[PDB]
Each structure stands twice: as structure tokens, then as C-alpha cells.
Amino acid sequence: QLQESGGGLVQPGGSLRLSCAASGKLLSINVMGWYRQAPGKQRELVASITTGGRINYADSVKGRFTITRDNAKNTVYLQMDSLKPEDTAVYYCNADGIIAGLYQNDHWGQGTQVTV
Amino acid sequence: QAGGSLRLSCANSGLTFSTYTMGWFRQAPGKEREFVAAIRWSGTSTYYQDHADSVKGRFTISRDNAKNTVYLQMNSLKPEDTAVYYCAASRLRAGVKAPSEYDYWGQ
Amino acid sequence: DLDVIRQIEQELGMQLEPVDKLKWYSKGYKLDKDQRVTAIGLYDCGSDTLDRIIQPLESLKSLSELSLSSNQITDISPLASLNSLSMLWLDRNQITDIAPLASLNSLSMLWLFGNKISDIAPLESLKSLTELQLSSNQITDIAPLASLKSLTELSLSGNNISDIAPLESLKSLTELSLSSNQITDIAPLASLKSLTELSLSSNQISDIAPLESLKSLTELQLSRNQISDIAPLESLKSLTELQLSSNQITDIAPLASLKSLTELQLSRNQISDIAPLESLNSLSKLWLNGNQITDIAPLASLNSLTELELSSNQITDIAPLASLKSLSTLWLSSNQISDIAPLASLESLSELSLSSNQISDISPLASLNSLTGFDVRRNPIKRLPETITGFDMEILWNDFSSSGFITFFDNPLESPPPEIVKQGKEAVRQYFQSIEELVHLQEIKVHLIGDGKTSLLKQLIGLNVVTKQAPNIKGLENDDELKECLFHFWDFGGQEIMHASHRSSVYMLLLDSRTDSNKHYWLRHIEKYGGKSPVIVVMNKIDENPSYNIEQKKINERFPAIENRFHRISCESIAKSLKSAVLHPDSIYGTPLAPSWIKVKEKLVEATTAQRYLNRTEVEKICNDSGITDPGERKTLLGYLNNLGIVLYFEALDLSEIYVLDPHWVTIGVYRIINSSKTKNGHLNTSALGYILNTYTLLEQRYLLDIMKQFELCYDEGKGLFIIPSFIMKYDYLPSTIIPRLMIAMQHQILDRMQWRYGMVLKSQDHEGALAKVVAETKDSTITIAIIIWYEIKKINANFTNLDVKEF
Ligand SMILES: Nc1nc2c(ncn2[C@@H]2O[C@H](COP(=O)(O)OP(=O)(O)OP(O)(O)=S)[C@@H](O)[C@H]2O)c(=O)[nH]1
Numbered sequence: 001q002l003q004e005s006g007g008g009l010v011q012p013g014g015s016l017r018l019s020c021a022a023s024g025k026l027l028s029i030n031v032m033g034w035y036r037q038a039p040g041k042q043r044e045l046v047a048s049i050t051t052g053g054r055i056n057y058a059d060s061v062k063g064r065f066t067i068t069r070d071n072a073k074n075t076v077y078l079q080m081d082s083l084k085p086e087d088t089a090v091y092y093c094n095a096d097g098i099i100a101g102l103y104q105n106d107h108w109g110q111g112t113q114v115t116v
Numbered sequence: 001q002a003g004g005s006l007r008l009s010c011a012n013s014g015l016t017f018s019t020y021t022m023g024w025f026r027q028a029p030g031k032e033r034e035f036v037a038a039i040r041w042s043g044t045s046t047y048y049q050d051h052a053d054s055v056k057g058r059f060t061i062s063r064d065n066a067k068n069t070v071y072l073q074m075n076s077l078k079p080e081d082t083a084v085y086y087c088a089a090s091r092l093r094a095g096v097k098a099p100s101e102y103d104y105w106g107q
Numbered sequence: 001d002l003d004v005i006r007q008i009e010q011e012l013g014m015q016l017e018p019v020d021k022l023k024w025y026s027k028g029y030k031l032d033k034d035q036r037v038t039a040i041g042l043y044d045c046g047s048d049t050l051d052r053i054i055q056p057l058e059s060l061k062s063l064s065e066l067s068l069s070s071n072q073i074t075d076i077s078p079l080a081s082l083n084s085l086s087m088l089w090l091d092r093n094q095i096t097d098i099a100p101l102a103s104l105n106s107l108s109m110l111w112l113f114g115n116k117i118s119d120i121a122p123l124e125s126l127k128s129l130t131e132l133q134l135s136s137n138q139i140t141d142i143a144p145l146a147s148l149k150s151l152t153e154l155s156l157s158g159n160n161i162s163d164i165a166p167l168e169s170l171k172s173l174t175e176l177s178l179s180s181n182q183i184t185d186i187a188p189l190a191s192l193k194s195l196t197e198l199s200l201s202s203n204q205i206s207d208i209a210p211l212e213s214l215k216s217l218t219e220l221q222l223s224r225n226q227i228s229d230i231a232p233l234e235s236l237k238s239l240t241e242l243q244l245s246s247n248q249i250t251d252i253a254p255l256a257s258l259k260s261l262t263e264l265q266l267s268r269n270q271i272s273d274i275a276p277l278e279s280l281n282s283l284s285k286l287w288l289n290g291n292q293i294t295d296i297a298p299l300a301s302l303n304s305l306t307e308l309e310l311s312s313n314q315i316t317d318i319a320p321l322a323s324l325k326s327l328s329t330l331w332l333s334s335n336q337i338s339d340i341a342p343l344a345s346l347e348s349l350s351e352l353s354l355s356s357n358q359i360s361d362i363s364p365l366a367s368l369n370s371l372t373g374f375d376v377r378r379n380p381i382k383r384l385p386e387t388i389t390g391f392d393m394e395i396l397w398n399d400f401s402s403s404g405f406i407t408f409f410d411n412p413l414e415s416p417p418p419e420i421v422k423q424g425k426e427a428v429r430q431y432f433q434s435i436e437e438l439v440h441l442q443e444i445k446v447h448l449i450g451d452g453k454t455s456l457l458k459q460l461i462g463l464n465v466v467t468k469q470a471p472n473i474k475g476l477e478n479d480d481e482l483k484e485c486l487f488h489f490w491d492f493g494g495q496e497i498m499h500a501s502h503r504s505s506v507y508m509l510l511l512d513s514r515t516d517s518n519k520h521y522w523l524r525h526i527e528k529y530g531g532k533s534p535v536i537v538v539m540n541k542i543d544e545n546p547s548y549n550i551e552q553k554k555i556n557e558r559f560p561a562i563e564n565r566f567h568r569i570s571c572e573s574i575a576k577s578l579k580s581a582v583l584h585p586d587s588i589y590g591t592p593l594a595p596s597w598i599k600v601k602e603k604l605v606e607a608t609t610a611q612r613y614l615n616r617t618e619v620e621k622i623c624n625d626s627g628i629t630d631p632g633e634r635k636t637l638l639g640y641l642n643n644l645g646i647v648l649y650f651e652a653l654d655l656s657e658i659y660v661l662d663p664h665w666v667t668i669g670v671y672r673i674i675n676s677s678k679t680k681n682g683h684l685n686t687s688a689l690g691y692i693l694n695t696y697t698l699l700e701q702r703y704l705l706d707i708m709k710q711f712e713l714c715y716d717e718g719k720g721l722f723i724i725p726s727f728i729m730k731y732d733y734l735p736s737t738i739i740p741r742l743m744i745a746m747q748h749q750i751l752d753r754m755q756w757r758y759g760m761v762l763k764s765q766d767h768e769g770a771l772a773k774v775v776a777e778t779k780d781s782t783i784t785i786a787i788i789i790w791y792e793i794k795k796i797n798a799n800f801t802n803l804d805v806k807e808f
């Protein structure tokens with residue numbers, strides 16, 4: 001499972017650092033990243049990073065959000081700056097990997113509210 | 001435009017209220033903060049409710065407790081009566097109709 | 001050869017690096033004694049890598065490890081001539097056919113999960129395999145793995161596998177992943193004994209018969225199934241983790257035989273009692289949400305717990321949860337808990353879910369400073385406690401359960417407004433600090449000034465002094481602005497009736513067409529006496545002369561207390577004029593004074609409505625009942641009591657028996673004696689005031705006698721005689737009582753009882769002999785002198801403020 005730390009209410013133009021740690025059960029992580037849900041909208045990718053070092057951005061938060069990863073301790077950090085009020089959403093963690101020998105390309109977190 | 005209408009709203013939130021009277025003062029060219037219309041409204045009640053010069057009909061004053069606001073209605077506006085309006089709050093509870101006690105200037 | 005490695009490097013444009021023991025995400029190579037390539041990793045090299053590298057790959061015959069994981073390849077036909085391999089990574093590609101994987105006689109490790117394979121026949125000749133990853137595929141049968149011995153780790157999970165019987169032929173395995181499939185019978189998994197981890201997740205399994213045979217298992221994942229009996233698991237006590245999520249189970253006693261279990265997810269079942277979880281002291285995580293359980297007391301002996309999920313259960317009393325101290329998460333929402341006192345000792349908590357319960361008081365959860373999540377949605381909370389804003393969290397009104405947040409939804413928040421609590425923590429704090437952090441009078445008097453009065457009494461539906469409220473007045477009850485306003489109406493009228501003293505009032509002057517000649521009189525009376533009160537001039541009886549209108553502009557500019565408040569009605573704009581006149585700075589209707597002043601005023605009214613005359617001692621006693629003894633403060637209180645006409649007070653009484661006095665009797669008393677048809681003749685009897693009047697007695701008789709001599713209205717002469725006097729000198733607004741004040745000198749020049757009631761005759765008793773007579777003419781507002789007198793006239797008119805006089 002993925003545990004997320006962060007979120008809250010930030011004034012516009014502020015900053016945030018959403019952390020996401022994968023439990024020791026999750027074994028072989030290739031792609032790990034961040035998604036969002038706005039009220040009355042659909043899930044959409046924010047950022048994805050791979051074990052090799054390939055970054056995929058949403059083309060709407062390009063040059064705005066930064067994704068960083070530690071592979072030793074399987075952790076992703078979303079550093080978010082200059083948060084326009086269209087980002088008032090609930091952010092979710094996406095990962096691919098193996099728990100108890102089973103592989104799914106979509107392991108989700110609980111979600112955390114970011115308000116502006 | 002000349003002789004038109006203009007409703008100005010001035011809102012105050014979380015203050016003395018009961019120990020506060022709201023007065024509108026018009027002074028563009030350093031007119032020494034001339035008194036226009038004040039109101040010591042307490043809920044539905046209203047105590048002071050007085051005007052000056054242009055008087056009533058010309059200038060209308062009201063207060064709504066639903067959103068704690070005071071409304072100044074400008075009608076038959078004379079063009080030479082060009083001035084900027086400020087909100088002032090009076091707090092003293094000794095002597096009604098206290099002009100000099102409008103210390104807490106508004107926005 | 002490093003030449004081959006460089007060839008691959010420029011073909012792919014990727015910096016292959018001399019590395020160590022190969023991994024699935026490796027992108028380099030491994031050398032040997034005499035620098036021979038043995039292991040090569042191509043991680044994410046594009047979809048066209050395999051068809052472009054096979055010639056260099058076959059060029060060197062020492063390769064034994066290949067990593068092409070996550071390359072998204074579709075054809076693996078080139079992977080045929082590299083017969084020297086030992087390990088092959090092919091994860092996460094669009095591979096459908098594995099037929100080329102037939103000539104690789106030597107292979108010990110094969111990773112293929114992220115693929116699209118459907119037929120595993122070709123890897124039937126792979127003899128010495130030890131690791132197979134085949135999860136998340138489209139396979140439906142596993143025959144060919146039967147010939148595959150020496151397998152230790154097998155992952156066939158995420159497919160359409162229904163038969164599993166050939167796995168019986170495989171007996172060397174250690175980890176078996178068999179999940180997200182369509183499996184019903186696990187009978188083959190009996191002869192296995194070396195297995196340690198078993199993942200039999202989502203499936204249609206309901207009879208775990210052969211698992212008793214297994215004994216070395218440490219991880220057992222059995223969730224989203226249709227199992228009901230867990231007695232088979234009672235024998236085995238070696239499992240560090242056994243997950244039994246969504247299922248239909250009612251008994252957990254067989255679990256009580258386990259003691260080394262660490263994490264237990266027991267969710268969405270029909271388990272009734274959790275007492276068997278009374279001996280598992282090593283439990284670190286417990287998930288018991290969504291069940292029909294009642295009592296948590298048996299869980300009061302698992303002090304090693306760190307995570308507790310008890311949500312959506314039928315628990316009401318939380319008290320036998322105070323023993324646990326090392327708890328970090330506590331989800332017990334959607335329950336019937338009432339008070340949260342026996343949690344104040346949970347110093348280590350970091351996330352709470354207390355929503356959808358019947359909780360009213362939140363105050364006890366105050367010392368839990370370590371909380372990083374608290375969720376109390378859908379509860380009947382009435383008041384927000386101080387400590388609710390003492391937590392390191394921000395506040396949200398949303399329906400989402402988010403960590404690091406104080407959350408409310410669907411709560412009857414009465415004292416704190418829901419808008420205030422949805423604004424934020426800072427707004428809650430400012431609202432509460434404002435909650436942590438005078439009284440007006442609302443009275444006025446109206447004297448009707450005639451020369452009519454009944455016509456304005458028709459608007460009331462009275463010999464002065466009548467009380468009314470906003471509903472009483474017709475035409476002014478529409479405005480709720482002045483709903484709680486008292487109105488006092490006084491009115492008189494006559495020729496010789498003259499009571500100047502019976503702001504803080506409103507005077508409606510009354511006019512009639514025949515009396516317009518005497519109009520300056522009462523207007524100047526209002527200007528001089530009374531106060532600076534607003535004045536409303538009204539002309540009545542316009543029906544007899546519908547063409548008469550006064551020049552209201554001239555009198556309005558002459559009298560600055562009018563400000564164009566006029567009416568021309570006969571028997572309404574009167575209500576509008578009255579309202580616009582009451583709320584004036586020059587009048588007192590809303591005046592802020594201390595509430596102690598209004599208590600003192602009420603006590604004074606209570607004393608004066610019966611006593612009718614206070615003593616100075618009693619006045620001071622009542623004033624100091626509230627501690628007020630400042631002469632200025634008491635003077636202002638009495639002035640506000642007098643100018644509003646409830647309790648009168650004059651500065652010229654000079655009597656110690658009476659300090660203040662009641663207008664309801666002390667003014668009507670002067671009214672009776674001032675005219676009783678015995679004073680009309682001009683002289684009042686010795687002491688026949690009882691014949692005049694008659695609560696009134698002889699003591700009050702001589703009280704009022706002293707009062708009327710003190711008001712400078714008459715003189716007692718001798719033997720019980722009484723005057724009641726009610727060159728060319730002209731006065732505008734001829735004062736009505738100037739002859740009563742000029743006739744007080746009775747023991748002075750007087751001929752013999754010669755008084756007109758508008759004049760008098762004088763006979764000088766001083767040196768020599770002079771005969772004098774002074775007489776008044778109301779119709780001309782003049783005074784005549786026949787021949788000290790001028791000195792007395794000036795001494796009497798001195799009691800006026802800018803009263804114009806004319807001498808001729
Ligand atoms: N029927 C009728 N009589 C009227 C009306 N208006 C005035 N009157 C008469 O006028 C008389 C009273 O005159 P009024 O102007 O009230 O003098 P007053 O108030 O008594 O005396 P004052 O010195 O205080 S002004 C009454 O006898 C009344 O009958 C009216 O509208 N209808």
C-alpha cells in the first residue's frame with residue numbers, strides 16, 4: 001500500500017510537498033506518480049517517473065510541479081509551487097509493482113486534499 | 001452620470017457592533033471629513049439616523065443585519081457634489097451623536 | 001568484447017556502464033577474468049531493440065544474462081541463437097508468442113509478467129529453471145510447467161487459470177502466487193511442503209481442505225473469496241501474516257490458537273465477538289472494520305497494537321480502549337459512541353475517524369496533541385471546545401477524510417456558525433476570541449402646542465401625559481426601525497393657563513386659520529423654553545378654508561428646528577415627519593448609558609409613582625444603591641429623568657421636603673388651583689383648596705401651597721388672601737406670566753384690591769405720594785404704565801434667553 005503525507009490549505013502562489021511512501025510489500029516499482037480529482041471531474045495524470053529516469057508531465061503542470069524519487073527507499077515527492085486556484089483537488093498516488101507475487105499497473109493511495 | 005443612482009456598500013465583520021456607529025463622510029479636496037449620514041443601528045433598531053445638507057430623498061441610508069452592511073444610495077447626484085466617501089466607526093458609549101469619536105476609519 | 005559493447009552503445013546512443021551483478025533495471029554489462037562479456041542489461045531501450053542488436057549479441061558467445069525488461073517488444077524471434085543464456089528479463093512488453101524461447105537449453109530465471117502471453121508450450125524444454133514470473137497474462141491452462149522441475153519461485157497470478165493440477169508434479173517450490181484467477185479447488189496444493197508464502201487472493205474458494213498439510217507458511221493471503229470456516233487454520237501457528245479480508249465468517253476462535261501473528265486484516269465479515277483476540281499480544285496492526293461486533297473490552301490486552309480499524313461496527317463504549325498506549329491510527333467511525341473521554345490517555349495517536357456517531361461533546365480529546373488526523377463528520381455536535389482549535393491542523397467542511405485535517409460535515413453547529421467553521425481555523429479562533437471579549441433609552445416626549453388637540457388625539461386612537469408605543473401610533477407602525485420606542489404626549493390650551501415648566505422632546509405646533517394672527521407666540525415659546533427640540537408645524541381644519549396656506553418657507557428659515565416638516569390636513573405625512581424628527585442629534589431617543597442608570601431610573605419611577613415626592617436623602621440613597629455619587633453623574637441622571645418627563649426636578653424648589661416630583665399629580669394639582677372659578681374673580685379663599693381638589697389630602701394641600709408660592713405664581717397677602725394674577729413697552733411673544741411675577745410685590749404699591757386679572761393699580765407708600773397702574777393687553781402684546789416698576793419688570797424678564805423687547 002501507498003501512504004501519503006501532506007496536503008492542506010495554501011494561499012495562491014504558495015508551495016507544498018506531498019510525500020508518498022510505498023510499503024515493503026510493494027516489490028518491483030517501475031512507474032510511480034501523482035494523479036488528481038477535481039470536484040465533478042475525472043482522474044488525470046500529474047506526473048510519472050520510472051526506475052530508469054524518464055519523467056512524464058501532464059502538459060498542464062509543465063514547469064510548475066516537480067517529481068522526485070528515491071529508489072532505495074521507494075518514495076516519491078511532489079514539490080508544487082505557484083498553485084493556481086484550479087488545483088483545489090484531491091491528489092492520489094499511482095504505482096506499478098508486485099504485492100505477494102501479483103502485478104498490477106495501478107496501485108492507488110487514499111488521496112489527500114489540497115485547497116487554494 | 002449626473003442625477004443618476006449609485007449604491008455603495010460598506011461591510012464590517014466581527015467587531016463591537018453594539019458599541020459602534022457607522023458614518024459616511026465625503027471629502028475629496030481635503031474637506032475636513034464632512035459628515036453625510038450616520039446610523040447607530042442595533043439589529044432591526046436604529047437610533048441616530050440623521051442626515052445633513054443634501055438630506056433625505058437625495059441621499060438614502062440603510063443598514064442590513066443579514067450580512068452586517070451599511071448601504072448608501074446616491075440619487076439625483078449633483079455633478080459639483082464630487083467627493084470620495086469613507087466609512088467611520090464610533091465606539092464611545094457616553095453621549096449620543098458623537099462626531100469626533102469616529103476614530104476607527106474604514107476601508 | 002568491448003568493441004561489441006561500443007557497437008551496441010552507438011547503435012542505441014545509450015551509455016552502457018561497466019557494472020556488477022545484473023538487475024532487472026540494469027543498463028550496463030559485466031566482465032570476467034580475461035574481460036569477456038557475460039551479462040548485459042537493456043532496460044527501456046525502445047521497441048526496436050531486439051531486431052537491431054541480435055547480430056552483435058550472437059557475435060560474442062559468452063553472454064549468459066540478458067535484461068530486456070520494459071522494452072515494449074512484440075516479437076522475440078531473434079532470441080533464438082543466444083543459446084548461452086542463464087537469466088532472462090522480459091517484463092512489461094507486448095509479447096504474445098514465446099515460440100522462439102525453445103532453443104535456450106540453459107535458463108535458470110525467466111521474468112515475463114507484464115506481457116500478453118497466452119500459450120506456454122514453447123518453454124517445455126527449459127529443463128533447469130528455478131524462477132518463473134508469469135503474472136498478469138491471458139493464459140488459461142498450465143500443462144507445460146508440469147515437466148518443469150526444480151522450480152522454487154512461481155508467479156502464475158492474474159490469468160484465467162482454473163485447473164492447477166499439474167502444479168502437483170512441481171514439488172520444489174517456496175513461493176506460490178496464485179491469485180486474480182478463477183480457482184475453486186486447491187486439492188493439488190497438498191503434497192507441497194517447502195512453501196512459505198502463498199497468495200491465493202480473489203477467487204471462488206470456499207473449502208480450504210489441504211492447507212493443513214502445509215506447515216512452513218509465513219504469509220497467507222486469502223481475501224475477496226467465499227470462505228466461511230477457518231478451523232483448518234487453527235493447527236498452524238507459524239504465520240507472521242494471515243490476511244482474511246472480505247468474506248463471510250462468523251467465528252474467529254480458531255485464530256486464538258495463533259500467538260506469533262503480527263498483522264491481521266479482518267474486514268467486512270459477520271464476526272460477532274472478538275474475545276479470541278485476547279491472547280495475541282504481539283499484534284501490531286488490526287483491521288476489524290465493517291462488522292457486527294459490540295464489545296471492545298476483550299481487546300484491552302493487546303498493548304502492542306499500533307494500528308486499529310474498528311469503523312462501521314456496533315460499539316458504543318470506548319472505555320476499554322484506554323489501556324493501549326502505543327496506538328497511532330484509530331478508525332472507529334460509523335458507530336454509536338457517545339463520549340470520547342477514555343481516549344485522553346492515547347498520547348501516541350496520529351489519525352482518528354470518529355464520524356457518523358452520536359457524539360455531542362468533543363472536549364475530552366484535548367491532551368492528544370499528537371493527532372495528525374481527526375474526522376468527526378455526521379455527528380450531533382453542538383459546541384466546539386477550545387482544544388478543537390489547539391491542534392496542528394487546518395479545518396475543512398468537505399466530505400473527504402483527509403490526513404492532516406480537522407473535518408466536519410452535516411453537523412448542527414449552532415453556537416459556531418457553519419460558515420464561520422468552514423472559513424478556517426483562523427476564522428474559528430477570531431470568532432471564539434470575539435465571543436470571549438451599552439444599553440440605550442428609547443424614549444421621547446411630545447408636547448402638543450395649540451392656541452386641534454382632539455384632532456391629533458384621533459391619531460392616538462387626554463389632559464396631557466399619555467403613553468404610546470409604535471403599534472399604538474397609526475401610520476408609523478409599518479417601520480420596524482422604531483418598534484421599541486416610547487412616546488409621551490402632552491397637550492394643553494387656554495388663555496390664562498400658563499405652565500412654561502410643567503431638548504429630549506419633539507414639539508408639534510398646531511395652527512388654525514382664526515389663530516394664525518397669534519402664531520409668533522408659541523413658536524417663540526418653543527425657541528425660548530423647552531429645549532433645542534425638533535419642531536413640526538401642522539395646520540389643521542383645512543376643510544373650512546381649502547385655499548389658506550401659510551408661508552412655510554419664511555417661518556422654516558426663521559426657526560431652524562423646523563426643517564420643512566409641515567402638514568396641511570384636516571379632520572399621513574405626520575408619521576413621516578414624526579419619525580424624521582425623533583431620530584435627531586438635537587434630541588435623545590438613542591442615547592448610550594450604563595444599564596445601572598436604567599435600573600436606577602426604574603427604581604426612581606417605582607418610588608415616585610407612589611411617594612410622589614422624593615427626599616434628597618432618598619435620592620442619594622437610590623443613586624448610591626448603584627454606587628453613583630458624583631454630583632455631575634447624578635445631575636445628568638436626574639436631567640435625563642426630567643427632560644423626558646417621567647420624574648420632574650427643578651433647581652428653584654428650595655424645599656427639603658420634596659426633591660423630585662411626579663408630573664402625573666404635581667402638575668395637575670397646579671392645573672386645578674390655577675383655575676377653579678374662584679381664582680377667575682381674582683382671589684382664592686383662605687384654605688379652601690379641599691373644595692377645589694377632593695390621592696390628595698391636606699398634607700398634600702399645603703405641600704402644593706408651598707410649591708405654588710415657590711414657583712412665583714401667586715402671593716399669600718394676608719388673612720388667607722391670594723392674587724393669582726393670571727411707559728410704553730412692547731414685547732414679541734408677550735410672556736403669559738409676567739403680570740403674575742409683577743404682582744408678587746403686594747406689600748408694595750397698591751391702592752386697594754384693584755386688579756383686572758390683566759392689570760393692577762399701585763399706590764406708592766414711599767416718599768411723597770404717587771399713584772400708578774400697570775395693565776396688560778394680550779391682543780396687542782403690550783404693557784401700559786400709569787404715573788421701581790421698570791426695575792421689577794427687568795428683574796422678571798431677565799429669566800429669558802434673547803427675548804426681544806421694545807420700548808416707546
Ligand atoms: N366634528 C368635528 N369637530 C371638530 C373638528 N375639528 C375641530 N373640531 C372642534 O373644535 C373644537 C376644539 O378645537 P381645538 O383646536 O382642538 O381647541 P383646543 O385644543 O381644545 O384648545 P387649544 O388651546 O389646546 S388649541 C372641538 O369642540 C371640536 O368639536 C372636526 O374635524 N370634526
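Protein chains in written order, with my numbering: chain Y, 1 to 116; chain F, 1 to 107; chain P, 1 to 808.
Quick reminder that beta carbons are idealized off the backbone N, C-alpha and C, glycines included.
With distance defined between alpha-carbon atoms, name the residue in F:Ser13, F:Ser5, F:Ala2, F:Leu6 nearest to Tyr431 (chain P).
Here the closest residue by C-alpha is F:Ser13.
Which value, in whole angstroms, describes the spacing of the CA atoms of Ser326 (chain P) and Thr240 (chain P)?
When rounded, the distance between both Cα atoms is 20 Å.
Pull out every residue of the stretch 388–421 of chain P whose Cβ sits closer than 7 Å to any Cβ of chain Y, in chain order.
Here the close residues are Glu394, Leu396, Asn398, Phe400, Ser402, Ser403, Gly404, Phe405.
Under 8 Å: do the stretch 656–665 of chain P and the stretch 608–624 of chain P share three or more Cβ pairs, one atom per stretch?
Flag = yes, the stretch 656–665 of chain P and the stretch 608–624 of chain P touch.
What runs of the beta strand (DSSP E), each 3 residues or longer, lie entirely inside the stretch 349–428 of chain P?
As far as the stretch 349–428 of chain P is concerned, its whole beta strand (DSSP E) runs of at least 3 residues are 351–353, 394–396, 405–407.
When you compare only the Cα positions, how much space is there between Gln204 (chain P) and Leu12 (chain P)?
For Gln204 (chain P) and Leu12 (chain P), the distance between alpha carbons rounds to 48 Å.
Pair every Cβ in the stretch 574–586 of chain P with every Cβ in the stretch 631–643 of chain P, then say whether three or more of these pairs are closer than 8 Å.
Because the criterion of three Cβ pairs below 8 Å is not met, the stretch 574–586 of chain P and the stretch 631–643 of chain P do not touch.
Once DSSP output is grouped into helix, strand and coil, what is the label at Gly690 (chain P)?
Of the three classes helix, strand and coil, the one that applies to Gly690 (chain P) here is helix, per DSSP.
Apply the 10 Å Cβ neighbour rule to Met32 (chain Y) and answer buried if 16 or more other Cβ atoms are within range, or exposed otherwise.
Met32 (chain Y) should be labelled buried.
Given this structure, state the Cα-to-Cα distance separating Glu394 (chain P) from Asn93 (chain P), to the nearest angstrom.
Near 45 Å, if we compare the C-alpha coordinates of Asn93 (chain P) and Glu394 (chain P).
Does the distance from the C-beta atom of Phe492 (chain P) to that of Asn472 (chain P) stay below 7 Å?
No.
List the residues of chain Y whose Cβ lies closer than 7 Å to the Cβ of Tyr589 (chain P), in chain order.
Here the premise fails: no neighbours, minimum Cβ distance about 47 Å.
Taking the alpha carbon of residue 813 (chain P) as the reference point, which residue from P:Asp361, P:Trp331, P:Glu309, P:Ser764 has its own alpha carbon closest?
Because chain P is modelled from 1 through 808, residue 813 (chain P) falls outside the range shown and cannot be assessed.
Are the C-beta atoms of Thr51 (chain Y) and some chain P residue less than 7 Å apart?
Yes, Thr51 (chain Y) lies at the interface with chain P (some Cβ there is under 7 Å from its Cβ).
Is the stretch 127–137 of chain P touching the stretch 153–169 of chain P, taking contact as three or more C-beta pairs under 8 Å?
Yes, they touch.
Kindly indicate the opening and closing residues of the beta strand (DSSP E) around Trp24 (chain F).
Residues 21–26.
Helix or strand or just coil, what does DSSP make of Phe808 (chain P)?
If DSSP states are grouped into helix, strand and coil, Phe808 (chain P) belongs with coil.
In the DSSP assignment, what are the bridge partners of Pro18 (chain P)?
For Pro18 (chain P), which the question treats as bridged, DSSP gives the partners P:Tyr29.
Pick out every residue whose C-beta is nearer than 7 Å to a heavy atom of ligand 1: which are they, in chain order?
Answer in sequence order: P:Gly450, P:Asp451, P:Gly452, P:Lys453, P:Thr454, P:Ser455, P:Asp491, P:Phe492, P:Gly493, P:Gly494, P:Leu510, P:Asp512, P:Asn540, P:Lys541, P:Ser570, P:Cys571.
Along the chain, where does the beta strand (DSSP E) that runs through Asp491 (chain P) open and close?
Residues 486–492.
Hey, could you find the ends of the alpha helix (DSSP H) residue 812 (chain P) is sitting in?
Limits of chain P in this structure are 1 at one end and 808 at the other, which puts residue 812 (chain P) out of reach.
What does DSSP give as the partner residues of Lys237 (chain P) in its beta bridges?
Note: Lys237 (chain P) sits in no beta bridge, so no partner.
Helix, strand or coil for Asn65 (chain F) per DSSP?
The answer is coil: DSSP assigns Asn65 (chain F) none of H, G, I, E or B.
At 7 Å on the CB atoms, spell out the chain P contacts of residue 108 (chain F), in chain order.
Chain F is shown from 1 up to 107; residue 108 (chain F) falls before or after that span and cannot be answered.
Anything in chain P within Cβ reach of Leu102 (chain Y), meaning under 8 Å, just list it in chain order.
Per Cβ cutoff of 8 Å: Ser135, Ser136, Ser155, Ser157, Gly158, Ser177, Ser179, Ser180, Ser199, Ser201.
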